[PDB]
file data.cif (mmCIF, N, CA and C atoms)
data_final
loop_
_atom_site.label_atom_id
_atom_site.label_comp_id
_atom_site.auth_asym_id
_atom_site.auth_seq_id
_atom_site.Cartn_x
_atom_site.Cartn_y
_atom_site.Cartn_z
N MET Q 1 0.84 -1.23 0.00
CA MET Q 1 0.00 0.00 0.00
C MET Q 1 0.85 1.25 0.00
N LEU Q 2 0.23 2.39 -0.31
CA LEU Q 2 0.95 3.66 -0.37
C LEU Q 2 1.59 4.07 0.93
N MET Q 3 1.00 3.65 2.05
CA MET Q 3 1.53 3.98 3.37
C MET Q 3 0.97 2.96 4.35
N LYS Q 4 1.43 3.00 5.59
CA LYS Q 4 0.95 2.05 6.59
C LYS Q 4 -0.52 2.29 6.91
N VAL Q 5 -1.19 1.24 7.37
CA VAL Q 5 -2.58 1.31 7.75
C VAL Q 5 -2.76 2.42 8.78
N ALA Q 6 -1.85 2.48 9.76
CA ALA Q 6 -1.94 3.50 10.80
C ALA Q 6 -1.84 4.92 10.25
N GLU Q 7 -1.04 5.10 9.20
CA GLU Q 7 -0.88 6.42 8.59
C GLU Q 7 -2.16 6.80 7.83
N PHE Q 8 -2.74 5.86 7.08
CA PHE Q 8 -4.00 6.14 6.39
C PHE Q 8 -5.07 6.54 7.42
N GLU Q 9 -5.20 5.75 8.50
CA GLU Q 9 -6.18 6.03 9.54
C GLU Q 9 -5.98 7.43 10.11
N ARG Q 10 -4.73 7.76 10.40
CA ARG Q 10 -4.41 9.05 10.98
C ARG Q 10 -4.78 10.19 10.04
N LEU Q 11 -4.52 10.02 8.74
CA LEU Q 11 -4.85 11.09 7.80
C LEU Q 11 -6.34 11.29 7.60
N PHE Q 12 -7.11 10.21 7.56
CA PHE Q 12 -8.55 10.38 7.42
C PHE Q 12 -9.10 11.12 8.64
N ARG Q 13 -8.56 10.82 9.81
CA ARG Q 13 -9.01 11.46 11.05
C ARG Q 13 -8.57 12.92 11.10
N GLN Q 14 -7.31 13.18 10.78
CA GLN Q 14 -6.79 14.54 10.84
C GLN Q 14 -7.38 15.46 9.79
N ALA Q 15 -7.47 14.95 8.57
CA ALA Q 15 -7.97 15.75 7.47
C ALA Q 15 -9.46 16.01 7.45
N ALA Q 16 -10.25 15.06 7.92
CA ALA Q 16 -11.70 15.18 7.82
C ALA Q 16 -12.52 14.68 9.00
N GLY Q 17 -11.84 14.33 10.09
CA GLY Q 17 -12.55 13.84 11.26
C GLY Q 17 -13.31 12.54 11.04
N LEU Q 18 -12.81 11.73 10.11
CA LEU Q 18 -13.47 10.47 9.79
C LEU Q 18 -12.75 9.26 10.36
N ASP Q 19 -13.54 8.27 10.74
CA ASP Q 19 -13.01 7.00 11.22
C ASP Q 19 -13.17 6.10 10.00
N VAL Q 20 -12.09 5.89 9.26
CA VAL Q 20 -12.15 5.05 8.06
C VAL Q 20 -12.08 3.57 8.44
N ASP Q 21 -12.82 2.74 7.72
CA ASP Q 21 -12.82 1.31 7.98
C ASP Q 21 -11.56 0.69 7.41
N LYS Q 22 -10.84 -0.05 8.25
CA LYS Q 22 -9.62 -0.70 7.79
C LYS Q 22 -9.91 -1.62 6.60
N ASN Q 23 -11.15 -2.10 6.47
CA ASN Q 23 -11.45 -2.99 5.35
C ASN Q 23 -11.43 -2.29 4.01
N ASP Q 24 -11.61 -0.97 4.01
CA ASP Q 24 -11.65 -0.24 2.75
C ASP Q 24 -10.31 0.34 2.35
N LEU Q 25 -9.29 0.20 3.20
CA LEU Q 25 -8.00 0.83 2.91
C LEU Q 25 -7.23 0.31 1.71
N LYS Q 26 -7.28 -0.99 1.45
CA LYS Q 26 -6.56 -1.50 0.30
C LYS Q 26 -7.15 -0.91 -0.98
N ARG Q 27 -8.47 -0.83 -1.07
CA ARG Q 27 -9.07 -0.24 -2.26
C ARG Q 27 -8.72 1.26 -2.38
N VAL Q 28 -8.74 1.99 -1.25
CA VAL Q 28 -8.38 3.40 -1.28
C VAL Q 28 -6.96 3.53 -1.80
N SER Q 29 -6.07 2.70 -1.27
CA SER Q 29 -4.65 2.76 -1.67
C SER Q 29 -4.48 2.51 -3.15
N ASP Q 30 -5.10 1.45 -3.66
CA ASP Q 30 -5.01 1.13 -5.08
C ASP Q 30 -5.58 2.23 -5.96
N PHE Q 31 -6.74 2.77 -5.57
CA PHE Q 31 -7.36 3.85 -6.32
C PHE Q 31 -6.45 5.08 -6.37
N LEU Q 32 -5.94 5.52 -5.22
CA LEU Q 32 -5.08 6.70 -5.24
C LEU Q 32 -3.75 6.43 -5.93
N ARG Q 33 -3.25 5.20 -5.82
CA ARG Q 33 -2.02 4.82 -6.52
C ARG Q 33 -2.27 5.02 -8.02
N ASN Q 34 -3.43 4.58 -8.51
CA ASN Q 34 -3.74 4.74 -9.92
C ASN Q 34 -3.77 6.21 -10.31
N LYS Q 35 -4.33 7.05 -9.44
CA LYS Q 35 -4.39 8.49 -9.74
C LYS Q 35 -3.00 9.11 -9.81
N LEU Q 36 -2.12 8.71 -8.89
CA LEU Q 36 -0.76 9.21 -8.84
C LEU Q 36 0.00 8.75 -10.08
N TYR Q 37 -0.20 7.49 -10.46
CA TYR Q 37 0.45 6.98 -11.66
C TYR Q 37 0.00 7.80 -12.87
N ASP Q 38 -1.29 8.09 -12.95
CA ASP Q 38 -1.79 8.85 -14.08
C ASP Q 38 -1.25 10.28 -14.11
N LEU Q 39 -0.94 10.86 -12.95
CA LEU Q 39 -0.33 12.19 -12.93
C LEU Q 39 1.05 12.06 -13.59
N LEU Q 40 1.77 10.99 -13.26
CA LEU Q 40 3.09 10.75 -13.85
C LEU Q 40 3.02 10.43 -15.35
N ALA Q 41 1.97 9.73 -15.78
CA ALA Q 41 1.82 9.40 -17.21
C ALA Q 41 1.63 10.67 -18.02
N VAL Q 42 0.83 11.59 -17.49
CA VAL Q 42 0.61 12.86 -18.17
C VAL Q 42 1.91 13.66 -18.11
N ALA Q 43 2.62 13.58 -16.98
CA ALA Q 43 3.87 14.31 -16.86
C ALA Q 43 4.88 13.85 -17.91
N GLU Q 44 4.90 12.55 -18.18
CA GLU Q 44 5.80 11.99 -19.20
C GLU Q 44 5.48 12.59 -20.56
N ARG Q 45 4.20 12.69 -20.88
CA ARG Q 45 3.79 13.27 -22.16
C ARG Q 45 4.24 14.73 -22.22
N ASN Q 46 4.11 15.45 -21.11
CA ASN Q 46 4.54 16.84 -21.09
C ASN Q 46 6.04 17.00 -21.22
N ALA Q 47 6.81 16.13 -20.57
CA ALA Q 47 8.26 16.21 -20.65
C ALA Q 47 8.69 16.01 -22.11
N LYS Q 48 8.11 15.02 -22.78
CA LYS Q 48 8.44 14.74 -24.19
C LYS Q 48 8.05 15.93 -25.07
N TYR Q 49 6.91 16.53 -24.78
CA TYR Q 49 6.47 17.67 -25.57
C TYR Q 49 7.48 18.82 -25.50
N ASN Q 50 8.09 18.98 -24.33
CA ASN Q 50 9.07 20.02 -24.07
C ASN Q 50 10.48 19.58 -24.48
N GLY Q 51 10.54 18.49 -25.25
CA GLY Q 51 11.80 17.96 -25.76
C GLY Q 51 12.78 17.43 -24.73
N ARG Q 52 12.26 17.01 -23.58
CA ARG Q 52 13.10 16.48 -22.51
C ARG Q 52 12.96 14.97 -22.38
N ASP Q 53 13.96 14.35 -21.75
CA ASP Q 53 13.96 12.91 -21.55
C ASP Q 53 13.85 12.60 -20.06
N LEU Q 54 13.57 13.63 -19.26
CA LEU Q 54 13.44 13.48 -17.82
C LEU Q 54 12.22 14.28 -17.36
N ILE Q 55 11.50 13.75 -16.38
CA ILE Q 55 10.31 14.41 -15.85
C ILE Q 55 10.61 15.32 -14.66
N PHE Q 56 10.23 16.59 -14.77
CA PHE Q 56 10.42 17.56 -13.68
C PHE Q 56 9.08 17.93 -13.05
N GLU Q 57 9.11 18.56 -11.88
CA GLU Q 57 7.86 18.90 -11.20
C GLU Q 57 6.82 19.65 -12.04
N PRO Q 58 7.22 20.68 -12.81
CA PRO Q 58 6.22 21.40 -13.61
C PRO Q 58 5.47 20.53 -14.62
N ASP Q 59 6.03 19.37 -14.96
CA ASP Q 59 5.39 18.46 -15.89
C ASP Q 59 4.15 17.80 -15.28
N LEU Q 60 4.12 17.65 -13.95
CA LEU Q 60 2.96 17.02 -13.30
C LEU Q 60 1.77 17.97 -13.38
N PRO Q 61 0.61 17.46 -13.80
CA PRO Q 61 -0.57 18.34 -13.91
C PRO Q 61 -1.25 18.59 -12.57
N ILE Q 62 -0.66 19.49 -11.80
CA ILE Q 62 -1.17 19.82 -10.48
C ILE Q 62 -1.79 21.22 -10.50
N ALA Q 63 -3.12 21.26 -10.44
CA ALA Q 63 -3.85 22.51 -10.45
C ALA Q 63 -3.67 23.21 -9.11
N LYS Q 64 -4.02 24.49 -9.06
CA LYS Q 64 -3.81 25.25 -7.83
C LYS Q 64 -4.43 24.64 -6.59
N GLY Q 65 -5.65 24.11 -6.71
CA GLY Q 65 -6.32 23.52 -5.56
C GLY Q 65 -5.55 22.36 -4.96
N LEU Q 66 -5.08 21.45 -5.81
CA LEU Q 66 -4.31 20.31 -5.34
C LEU Q 66 -2.97 20.78 -4.78
N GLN Q 67 -2.40 21.83 -5.36
CA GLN Q 67 -1.14 22.38 -4.86
C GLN Q 67 -1.35 22.90 -3.43
N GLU Q 68 -2.48 23.55 -3.19
CA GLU Q 68 -2.77 24.06 -1.84
C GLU Q 68 -3.00 22.90 -0.88
N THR Q 69 -3.64 21.83 -1.35
CA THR Q 69 -3.88 20.68 -0.49
C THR Q 69 -2.54 20.03 -0.14
N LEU Q 70 -1.61 20.04 -1.10
CA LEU Q 70 -0.28 19.48 -0.87
C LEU Q 70 0.41 20.30 0.22
N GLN Q 71 0.33 21.63 0.15
CA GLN Q 71 0.96 22.44 1.19
C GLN Q 71 0.35 22.13 2.56
N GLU Q 72 -0.97 22.00 2.62
CA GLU Q 72 -1.62 21.69 3.90
C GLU Q 72 -1.15 20.33 4.42
N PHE Q 73 -1.01 19.35 3.54
CA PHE Q 73 -0.53 18.04 3.99
C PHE Q 73 0.88 18.17 4.57
N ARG Q 74 1.75 18.93 3.90
CA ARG Q 74 3.12 19.10 4.36
C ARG Q 74 3.13 19.66 5.77
N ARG Q 75 2.21 20.56 6.05
CA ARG Q 75 2.16 21.17 7.38
C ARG Q 75 1.56 20.29 8.48
N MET Q 76 1.10 19.09 8.12
CA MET Q 76 0.54 18.18 9.12
C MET Q 76 1.68 17.38 9.75
N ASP Q 77 2.90 17.61 9.26
CA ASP Q 77 4.09 16.94 9.77
C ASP Q 77 3.99 15.42 9.83
N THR Q 78 3.66 14.83 8.68
CA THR Q 78 3.53 13.39 8.55
C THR Q 78 4.56 12.94 7.52
N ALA Q 79 5.69 12.44 8.01
CA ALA Q 79 6.77 11.99 7.14
C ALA Q 79 6.53 10.59 6.59
N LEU Q 80 5.93 10.51 5.40
CA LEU Q 80 5.65 9.23 4.76
C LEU Q 80 6.88 8.67 4.07
N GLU Q 81 7.08 7.36 4.20
CA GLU Q 81 8.21 6.69 3.58
C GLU Q 81 8.05 6.62 2.07
N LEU Q 82 9.19 6.70 1.39
CA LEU Q 82 9.23 6.65 -0.07
C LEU Q 82 9.05 5.24 -0.61
N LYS Q 83 9.73 4.26 -0.02
CA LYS Q 83 9.65 2.89 -0.54
C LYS Q 83 8.25 2.32 -0.80
N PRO Q 84 7.31 2.47 0.16
CA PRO Q 84 5.97 1.92 -0.10
C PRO Q 84 5.30 2.57 -1.31
N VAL Q 85 5.54 3.87 -1.50
CA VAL Q 85 4.93 4.56 -2.62
C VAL Q 85 5.56 4.09 -3.92
N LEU Q 86 6.89 3.98 -3.95
CA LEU Q 86 7.56 3.51 -5.16
C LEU Q 86 7.15 2.06 -5.47
N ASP Q 87 7.07 1.21 -4.45
CA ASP Q 87 6.66 -0.17 -4.67
C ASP Q 87 5.24 -0.24 -5.23
N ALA Q 88 4.33 0.57 -4.71
CA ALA Q 88 2.96 0.57 -5.20
C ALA Q 88 2.91 0.98 -6.66
N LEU Q 89 3.68 2.00 -7.02
CA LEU Q 89 3.71 2.50 -8.40
C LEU Q 89 4.35 1.50 -9.35
N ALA Q 90 5.33 0.75 -8.84
CA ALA Q 90 6.02 -0.25 -9.66
C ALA Q 90 5.10 -1.40 -10.05
N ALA Q 91 3.95 -1.49 -9.40
CA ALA Q 91 2.99 -2.54 -9.71
C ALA Q 91 2.41 -2.32 -11.10
N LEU Q 92 2.44 -1.07 -11.57
CA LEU Q 92 1.91 -0.74 -12.89
C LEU Q 92 3.05 -0.69 -13.92
N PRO Q 93 2.70 -0.60 -15.22
CA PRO Q 93 3.71 -0.55 -16.29
C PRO Q 93 4.75 0.55 -16.14
N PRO Q 94 6.01 0.23 -16.40
CA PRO Q 94 7.07 1.23 -16.29
C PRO Q 94 6.85 2.35 -17.30
N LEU Q 95 7.28 3.56 -16.96
CA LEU Q 95 7.17 4.68 -17.88
C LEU Q 95 8.47 4.70 -18.70
N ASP Q 96 8.46 5.37 -19.84
CA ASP Q 96 9.65 5.44 -20.68
C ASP Q 96 10.71 6.36 -20.08
N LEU Q 97 10.26 7.44 -19.45
CA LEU Q 97 11.17 8.40 -18.86
C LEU Q 97 11.31 8.28 -17.34
N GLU Q 98 12.48 8.64 -16.84
CA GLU Q 98 12.74 8.62 -15.42
C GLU Q 98 12.32 9.99 -14.89
N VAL Q 99 12.23 10.12 -13.57
CA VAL Q 99 11.86 11.39 -12.97
C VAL Q 99 13.06 12.03 -12.28
N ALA Q 100 13.03 13.35 -12.17
CA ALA Q 100 14.11 14.09 -11.52
C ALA Q 100 14.05 13.80 -10.02
N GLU Q 101 15.15 14.04 -9.32
CA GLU Q 101 15.20 13.78 -7.89
C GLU Q 101 14.16 14.51 -7.08
N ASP Q 102 13.87 15.76 -7.44
CA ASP Q 102 12.86 16.51 -6.70
C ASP Q 102 11.48 15.90 -6.88
N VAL Q 103 11.24 15.27 -8.03
CA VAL Q 103 9.94 14.64 -8.27
C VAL Q 103 9.85 13.35 -7.44
N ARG Q 104 10.94 12.58 -7.42
CA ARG Q 104 10.96 11.35 -6.63
C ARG Q 104 10.64 11.68 -5.17
N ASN Q 105 11.25 12.74 -4.65
CA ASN Q 105 11.03 13.12 -3.26
C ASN Q 105 9.64 13.66 -3.01
N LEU Q 106 9.00 14.18 -4.06
CA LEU Q 106 7.66 14.72 -3.94
C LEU Q 106 6.58 13.62 -3.91
N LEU Q 107 6.88 12.44 -4.45
CA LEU Q 107 5.86 11.39 -4.53
C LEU Q 107 5.13 11.02 -3.24
N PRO Q 108 5.86 10.83 -2.12
CA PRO Q 108 5.14 10.49 -0.89
C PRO Q 108 4.24 11.65 -0.45
N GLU Q 109 4.68 12.89 -0.69
CA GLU Q 109 3.87 14.04 -0.31
C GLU Q 109 2.62 14.13 -1.17
N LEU Q 110 2.74 13.81 -2.46
CA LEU Q 110 1.59 13.82 -3.35
C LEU Q 110 0.63 12.72 -2.93
N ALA Q 111 1.16 11.56 -2.52
CA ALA Q 111 0.29 10.47 -2.04
C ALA Q 111 -0.49 10.97 -0.82
N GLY Q 112 0.21 11.64 0.09
CA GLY Q 112 -0.47 12.18 1.26
C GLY Q 112 -1.51 13.24 0.90
N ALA Q 113 -1.18 14.13 -0.03
CA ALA Q 113 -2.13 15.17 -0.46
C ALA Q 113 -3.37 14.52 -1.06
N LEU Q 114 -3.18 13.46 -1.84
CA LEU Q 114 -4.33 12.80 -2.44
C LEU Q 114 -5.23 12.18 -1.37
N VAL Q 115 -4.63 11.62 -0.31
CA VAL Q 115 -5.43 11.05 0.77
C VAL Q 115 -6.20 12.16 1.50
N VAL Q 116 -5.55 13.29 1.75
CA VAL Q 116 -6.23 14.41 2.42
C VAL Q 116 -7.43 14.88 1.59
N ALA Q 117 -7.24 15.06 0.27
CA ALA Q 117 -8.33 15.49 -0.59
C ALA Q 117 -9.42 14.42 -0.64
N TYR Q 118 -9.03 13.15 -0.73
CA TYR Q 118 -10.02 12.08 -0.81
C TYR Q 118 -10.87 12.00 0.47
N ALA Q 119 -10.21 12.13 1.62
CA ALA Q 119 -10.91 12.10 2.90
C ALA Q 119 -11.89 13.26 2.99
N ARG Q 120 -11.46 14.44 2.55
CA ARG Q 120 -12.34 15.62 2.59
C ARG Q 120 -13.49 15.51 1.60
N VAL Q 121 -13.29 14.83 0.47
CA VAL Q 121 -14.39 14.64 -0.46
C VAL Q 121 -15.39 13.68 0.18
N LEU Q 122 -14.87 12.60 0.75
CA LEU Q 122 -15.71 11.59 1.38
C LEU Q 122 -16.56 12.24 2.45
N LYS Q 123 -15.96 13.14 3.23
CA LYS Q 123 -16.69 13.84 4.28
C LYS Q 123 -17.83 14.67 3.69
N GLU Q 124 -17.54 15.45 2.65
CA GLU Q 124 -18.56 16.31 2.03
C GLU Q 124 -19.76 15.54 1.49
N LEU Q 125 -19.57 14.28 1.14
CA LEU Q 125 -20.68 13.48 0.63
C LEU Q 125 -21.74 13.30 1.73
N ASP Q 126 -21.29 13.28 2.98
CA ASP Q 126 -22.20 13.11 4.12
C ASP Q 126 -21.49 13.75 5.32
N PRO Q 127 -21.56 15.08 5.42
CA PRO Q 127 -20.94 15.86 6.49
C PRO Q 127 -21.12 15.36 7.92
N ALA Q 128 -22.26 14.74 8.21
CA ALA Q 128 -22.52 14.27 9.56
C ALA Q 128 -22.07 12.85 9.87
N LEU Q 129 -21.78 12.06 8.84
CA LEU Q 129 -21.36 10.67 9.05
C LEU Q 129 -19.89 10.58 9.43
N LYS Q 130 -19.60 9.96 10.57
CA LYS Q 130 -18.22 9.82 11.03
C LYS Q 130 -17.55 8.55 10.57
N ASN Q 131 -18.34 7.52 10.26
CA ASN Q 131 -17.80 6.24 9.83
C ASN Q 131 -18.35 5.75 8.50
N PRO Q 132 -17.85 6.32 7.40
CA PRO Q 132 -18.31 5.92 6.06
C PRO Q 132 -17.96 4.48 5.74
N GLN Q 133 -18.84 3.84 4.96
CA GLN Q 133 -18.64 2.46 4.56
C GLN Q 133 -18.31 2.40 3.08
N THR Q 134 -18.20 1.19 2.55
CA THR Q 134 -17.82 1.01 1.16
C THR Q 134 -18.62 1.79 0.13
N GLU Q 135 -19.94 1.87 0.29
CA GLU Q 135 -20.76 2.60 -0.66
C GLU Q 135 -20.32 4.06 -0.81
N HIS Q 136 -19.95 4.69 0.30
CA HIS Q 136 -19.52 6.08 0.27
C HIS Q 136 -18.21 6.21 -0.48
N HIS Q 137 -17.34 5.23 -0.33
CA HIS Q 137 -16.06 5.24 -1.06
C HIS Q 137 -16.31 5.17 -2.56
N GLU Q 138 -17.33 4.41 -2.98
CA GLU Q 138 -17.65 4.30 -4.40
C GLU Q 138 -18.00 5.69 -4.97
N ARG Q 139 -18.74 6.47 -4.18
CA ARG Q 139 -19.13 7.82 -4.57
C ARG Q 139 -17.94 8.78 -4.59
N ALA Q 140 -17.03 8.62 -3.64
CA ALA Q 140 -15.86 9.49 -3.59
C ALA Q 140 -14.98 9.21 -4.81
N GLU Q 141 -14.88 7.95 -5.23
CA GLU Q 141 -14.11 7.61 -6.41
C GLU Q 141 -14.73 8.27 -7.64
N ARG Q 142 -16.06 8.24 -7.75
CA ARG Q 142 -16.70 8.85 -8.90
C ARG Q 142 -16.37 10.33 -8.96
N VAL Q 143 -16.34 10.99 -7.81
CA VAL Q 143 -15.99 12.41 -7.79
C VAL Q 143 -14.55 12.62 -8.25
N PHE Q 144 -13.62 11.84 -7.71
CA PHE Q 144 -12.22 11.97 -8.11
C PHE Q 144 -12.03 11.71 -9.60
N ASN Q 145 -12.79 10.75 -10.14
CA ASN Q 145 -12.68 10.38 -11.55
C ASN Q 145 -13.04 11.54 -12.50
N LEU Q 146 -13.81 12.50 -12.02
CA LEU Q 146 -14.22 13.63 -12.85
C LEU Q 146 -13.09 14.60 -13.11
N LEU Q 147 -12.14 14.64 -12.18
CA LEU Q 147 -11.04 15.59 -12.28
C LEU Q 147 -9.63 15.01 -12.34
N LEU Q 148 -9.43 13.79 -11.82
CA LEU Q 148 -8.10 13.16 -11.83
C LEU Q 148 -8.05 11.81 -12.56
#

call {"tool": "encode", "arguments": {"input": "data.cif", "output": "C-alpha cells"}}
result
Amino acid sequence: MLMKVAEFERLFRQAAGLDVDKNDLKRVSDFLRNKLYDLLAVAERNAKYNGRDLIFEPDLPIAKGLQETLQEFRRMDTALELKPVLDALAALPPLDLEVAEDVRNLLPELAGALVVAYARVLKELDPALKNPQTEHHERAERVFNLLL
C-alpha cells in the first residue's frame, strides 16, 4: 500500500474527522495509486512535448487547488516513507522516462495530499457521518474520476 494502515487512519481522522474502515484501505490505496500513476503518465507526455527525456515537477498536472492541499498536507508533519509509494507504483507498467530527484522526493507528499483530498471529499458526501462504509467510497471515487 501507499503507506501504513496507521498512517492512512491518521490522515482520514486529521484531514476530515473520519473513522475510516480498515477494510476499505486496500481499495483506497489502489485507487489513489492509480491516480498518482496517471499524474506521472501525463507528466511523461509533457516532458516529451518540451523535448526532454526526464520528468520535472512542472510536468505534473497539479492545479492550484491540489497544490494548496499538498501544502496543507506538508504542514501536518507526517513523514511518509518513499519505498511503499515507489513499490505501489512499480505494480503498474514502467514509464519510458525517469523522474528528476525533486519529483521522486515529492511522490510520498503527493500520495499524502491525495489522501487528504479524498478524505475531505468523502466527508462532504455526508458531512454528519463519522464512519463511512464502502458505498460512500464508491461515490468518492466517482468524484475523483471527474477531475483526476

call {"tool": "atom_distance", "arguments": {"input": "data.cif", "atom1": "atom CA of residue 97 of chain Q", "atom2": "atom CA of residue 48 of chain Q"}}
result
8.7 Å

call {"tool": "closest_atom_pairs", "arguments": {"input": "data.cif", "of": "segment 68-133 of chain Q", "to": "segment 30-46 of chain Q", "cutoff": "12 Å", "atoms": "only C-alpha atoms", "output": "JSON lines"}}
result
{"residue": "Q:84", "atom": "CA", "partner": "Q:33", "partner_atom": "CA", "distance": 10.7}
{"residue": "Q:85", "atom": "CA", "partner": "Q:33", "partner_atom": "CA", "distance": 8.0}
{"residue": "Q:86", "atom": "CA", "partner": "Q:33", "partner_atom": "CA", "distance": 9.8}
{"residue": "Q:87", "atom": "CA", "partner": "Q:33", "partner_atom": "CA", "distance": 10.2}
{"residue": "Q:88", "atom": "CA", "partner": "Q:33", "partner_atom": "CA", "distance": 6.7}
{"residue": "Q:89", "atom": "CA", "partner": "Q:37", "partner_atom": "CA", "distance": 6.4}
{"residue": "Q:90", "atom": "CA", "partner": "Q:37", "partner_atom": "CA", "distance": 9.3}
{"residue": "Q:91", "atom": "CA", "partner": "Q:33", "partner_atom": "CA", "distance": 9.5}
{"residue": "Q:92", "atom": "CA", "partner": "Q:37", "partner_atom": "CA", "distance": 8.0}
{"residue": "Q:93", "atom": "CA", "partner": "Q:37", "partner_atom": "CA", "distance": 9.4}
{"residue": "Q:94", "atom": "CA", "partner": "Q:41", "partner_atom": "CA", "distance": 9.8}
{"residue": "Q:95", "atom": "CA", "partner": "Q:41", "partner_atom": "CA", "distance": 7.2}
{"residue": "Q:96", "atom": "CA", "partner": "Q:44", "partner_atom": "CA", "distance": 7.7}
{"residue": "Q:97", "atom": "CA", "partner": "Q:44", "partner_atom": "CA", "distance": 6.5}
{"residue": "Q:98", "atom": "CA", "partner": "Q:44", "partner_atom": "CA", "distance": 8.6}
{"residue": "Q:99", "atom": "CA", "partner": "Q:44", "partner_atom": "CA", "distance": 8.7}
{"residue": "Q:100", "atom": "CA", "partner": "Q:44", "partner_atom": "CA", "distance": 11.5}
{"residue": "Q:103", "atom": "CA", "partner": "Q:40", "partner_atom": "CA", "distance": 9.7}
{"residue": "Q:104", "atom": "CA", "partner": "Q:40", "partner_atom": "CA", "distance": 10.7}
{"residue": "Q:106", "atom": "CA", "partner": "Q:36", "partner_atom": "CA", "distance": 11.2}
{"residue": "Q:107", "atom": "CA", "partner": "Q:36", "partner_atom": "CA", "distance": 8.2}
{"residue": "Q:108", "atom": "CA", "partner": "Q:36", "partner_atom": "CA", "distance": 10.0}
{"residue": "Q:109", "atom": "CA", "partner": "Q:36", "partner_atom": "CA", "distance": 10.8}
{"residue": "Q:110", "atom": "CA", "partner": "Q:36", "partner_atom": "CA", "distance": 7.5}
{"residue": "Q:111", "atom": "CA", "partner": "Q:36", "partner_atom": "CA", "distance": 7.0}
{"residue": "Q:112", "atom": "CA", "partner": "Q:32", "partner_atom": "CA", "distance": 9.7}
{"residue": "Q:113", "atom": "CA", "partner": "Q:32", "partner_atom": "CA", "distance": 10.2}
{"residue": "Q:114", "atom": "CA", "partner": "Q:32", "partner_atom": "CA", "distance": 6.8}
{"residue": "Q:115", "atom": "CA", "partner": "Q:32", "partner_atom": "CA", "distance": 7.4}
{"residue": "Q:116", "atom": "CA", "partner": "Q:32", "partner_atom": "CA", "distance": 10.9}
{"residue": "Q:117", "atom": "CA", "partner": "Q:32", "partner_atom": "CA", "distance": 10.5}
{"residue": "Q:118", "atom": "CA", "partner": "Q:32", "partner_atom": "CA", "distance": 8.5}
{"residue": "Q:119", "atom": "CA", "partner": "Q:32", "partner_atom": "CA", "distance": 11.4}

call {"tool": "select_by_dssp", "arguments": {"input": "data.cif", "residues": "chain Q", "states": "strand (DSSP E)", "output": "number ranges by chain"}}
result
Q: 54-55, 98-99

call {"tool": "select_by_dssp", "arguments": {"input": "data.cif", "residues": "segment 24-113 of chain Q", "states": "helix (DSSP H, G or I)", "output": "VMD selection string"}}
result
chain Q and resid 24 to 49 57 to 59 64 to 74 82 to 90 101 to 113

call {"tool": "atom_distance", "arguments": {"input": "data.cif", "atom1": "atom N of residue 27 of chain Q", "atom2": "atom N of residue 63 of chain Q"}}
result
24.6 Å

call {"tool": "atom_distance", "arguments": {"input": "data.cif", "atom1": "atom CA of residue 5 of chain Q", "atom2": "atom CA of residue 83 of chain Q"}}
result
14.9 Å

call {"tool": "residues_around", "arguments": {"input": "data.cif", "residues": "residue 3 of chain Q", "least_positions_apart": "2", "cutoff": "7 Å", "atoms": "only N, CA and C atoms", "output": "list in words"}}
result
residues 1, 5, 6, 7, 8, 29, 80, 81, 84 and 85 of chain Q

call {"tool": "closest_residue", "arguments": {"input": "data.cif", "among": "Q:53, Q:68, Q:19, Q:141", "to": "residue 121 of chain Q", "atoms": "all atoms listed in the file"}}
result
Q:141

call {"tool": "closest_residue", "arguments": {"input": "data.cif", "among": "Q:16, Q:11, Q:66, Q:82", "to": "residue 124 of chain Q", "atoms": "only C-alpha atoms"}}
result
Q:16

call {"tool": "closest_residue", "arguments": {"input": "data.cif", "among": "Q:64, Q:74, Q:52, Q:120", "to": "residue 15 of chain Q", "atoms": "only C-alpha atoms"}}
result
Q:120

call {"tool": "residues_around", "arguments": {"input": "data.cif", "residues": "segment 126-139 of chain Q", "least_positions_apart": "5", "cutoff": "9 Å", "atoms": "only C-alpha atoms", "output": "NGL selection string"}}
result
:Q and (17-21 or 23-24 or 27-28 or 144)

call {"tool": "closest_residue", "arguments": {"input": "data.cif", "among": "Q:54, Q:62, Q:147, Q:79", "to": "residue 105 of chain Q", "atoms": "only C-alpha atoms"}}
result
Q:79

call {"tool": "build_atoms", "arguments": {"input": "data.cif", "residues": "segment 6-12 of chain Q", "atoms": "N, CA, C and O atoms", "output": "CSV table (one decimal), in the coordinates of the input"}}
result
chain,number,residue,atom,x,y,z
Q,6,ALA,N,-1.8,2.5,9.8
Q,6,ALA,CA,-1.9,3.5,10.8
Q,6,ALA,C,-1.8,4.9,10.2
Q,6,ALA,O,-2.5,5.8,10.8
Q,7,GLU,N,-1.0,5.1,9.2
Q,7,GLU,CA,-0.9,6.4,8.6
Q,7,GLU,C,-2.2,6.8,7.8
Q,7,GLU,O,-2.6,7.9,7.9
Q,8,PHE,N,-2.7,5.9,7.1
Q,8,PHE,CA,-4.0,6.1,6.4
Q,8,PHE,C,-5.1,6.5,7.4
Q,8,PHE,O,-5.8,7.5,7.2
Q,9,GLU,N,-5.2,5.8,8.5
Q,9,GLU,CA,-6.2,6.0,9.5
Q,9,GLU,C,-6.0,7.4,10.1
Q,9,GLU,O,-6.9,8.2,10.3
Q,10,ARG,N,-4.7,7.8,10.4
Q,10,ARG,CA,-4.4,9.0,11.0
Q,10,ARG,C,-4.8,10.2,10.0
Q,10,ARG,O,-5.3,11.2,10.5
Q,11,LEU,N,-4.5,10.0,8.7
Q,11,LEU,CA,-4.8,11.1,7.8
Q,11,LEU,C,-6.3,11.3,7.6
Q,11,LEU,O,-6.8,12.4,7.5
Q,12,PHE,N,-7.1,10.2,7.6
Q,12,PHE,CA,-8.6,10.4,7.4
Q,12,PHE,C,-9.1,11.1,8.6
Q,12,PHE,O,-10.0,11.9,8.5
